[PDB]
Amino acid sequence: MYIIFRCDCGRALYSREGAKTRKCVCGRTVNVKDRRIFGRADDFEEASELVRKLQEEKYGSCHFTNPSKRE
């Protein structure tokens, strides 16, 4: 299956189940979860979706703008 992790920049990516420490070709290294892995995506499509949420998404405090509004 597919797995999700987080880069040092606070980023996130997807790979095959078993990646303990990935690497960014841009010039860095991606450290997966502490235990097993973050975001366990079975579907390739769900993988990209899980990573997006795992990304630097400022979604959580729904007080300013409404979800059904702009953001």
# chains A, B, ... in the order shown; residues from 1 in each chain; ligands from 1
$ residues_around --residues "residue 44 (chain A)" --least-positions-apart "4" --cutoff "9 Å" --atoms "only C-alpha atoms" --output "list in words"
residues 1, 2, 14, 48 and 49 of chain A
$ select_by_dssp --residues "chain A" --states "alpha helix (DSSP H)" --output "PyMOL selection string"
chain A and resi 44-54
$ closest_residue --among "A:25, A:31, A:59, A:40" --to "residue 7 (chain A)" --atoms "only C-alpha atoms"
A:31
$ atom_distance --atom1 "CA of residue 8 (chain A)" --atom2 "CA of residue 61 (chain A)"
23.9 Å
$ residues_around --residues "residue 18 (chain A)" --least-positions-apart "5" --cutoff "9 Å" --atoms "only C-alpha atoms" --output "compact mmCIF listing (two decimals) with C-alpha atoms, in the first residue's frame"
# COMPACT_ATOMS: atom_id res chain seq x y z
CA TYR A 2 0.92 3.69 0.13
CA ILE A 3 2.17 5.71 3.10
CA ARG A 36 4.77 3.39 11.96
CA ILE A 37 3.78 5.98 9.35
